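1. Just the structure for this:
(2 chains)
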Amino acid sequence: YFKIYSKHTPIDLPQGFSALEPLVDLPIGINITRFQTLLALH
Amino acid sequence: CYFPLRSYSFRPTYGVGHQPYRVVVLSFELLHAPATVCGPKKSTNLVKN
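-> Numbering: from 1, shown residues only, chains lettered A, B, ... in the order given. Structure as follows:
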């Protein structure tokens, strides 16, 4: 089961405390052993 | 060598042994994932206090 916990708040270090809320739950059921990231270009 | 391809005999005015019938097979599978497809159910009203 893949879950997304999303919290957005206004604010090189974060400070303060906040509570995250769930967003998207998809029962995909696959093995994920590794991950990467993406980049926007201009 | 036998030729497997045969045309349909389907006409409404023929007999019992050949008639066209629409056949839908509903394939149901229950996995460990929760079900995204449910059927409807009749409910009742809401009673307060």
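2. The residue of chain B found nearest chain A - how many residues pack around it?
-> In chain B, the residue that lies nearest chain A is residue B:33 (4.0 Å; C-beta to the nearest C-beta). For the C-beta atoms, the positions are set from N, CA and C on the backbone; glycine is no exception. Using other C-beta atoms under 10 Å in any protein chain shown, residue B:33 has 11 other residues around it.
3. now it: how far from residue B:41?
-> 21 Å (C-beta to C-beta, to the nearest Å).
4. Now for residue A:27, how many residues are close by?
-> Neighbours of residue A:27 (other C-beta under 10 Å): 13.
5. Next: the one 4 residues further on.
-> By other C-beta under 10 Å, the residues close to residue A:31 number 4.
6. and it, what element?
-> Using DSSP states H and E, residue A:31 is not contained in any helix or strand.
7. how much space between it and residue A:10?
-> 37 Å.
8. and what of residue B:19?
-> 71 Å.
9. Comparing these two, which shows the higher neighbour count?
-> Legend: neighbour count by other C-beta under 10 Å for residue B:19 and residue A:10, higher for residue B:19 (11 against 3).
10. Could you give the secondary structure assignment for that one?
-> coil (DSSP: H, G, I helix; E, B strand; the rest coil).
11. That one contacts residue B:10, correct?
-> Yes - in this structure, residue B:19 is within contact of residue B:10 by C-beta atoms under 8 Å, at 7.1 Å.
12. which SSE is residue A:3 in?
-> strand A:2-6.
13. immediately after that strand, which helix or strand?
-> Immediately after strand A:2-6, counting by DSSP H and E, sits strand A:21-26.
14. Can you name every helix or strand that that following strand contacts?
-> On a contact count with 3 or more C-beta pairs under 8 Å, 6 or more residues apart in numbering or on different chains; DSSP states H and E, strand A:21-26 meets strand A:2-6.
15. and the strand it packs on, what does it pack onto?
-> strand A:21-26.
16. Excluding sequence neighbours, find me the nearest residue to residue 9.
-> Picking chain A for this. Spatial nearest neighbour of residue A:9, excluding adjacent residues (C-beta to C-beta, 6 or more residues apart in numbering or on different chains): residue A:18 at 5.6 Å.
17. nope, chain B please
-> residue B:18 (4.6 Å).
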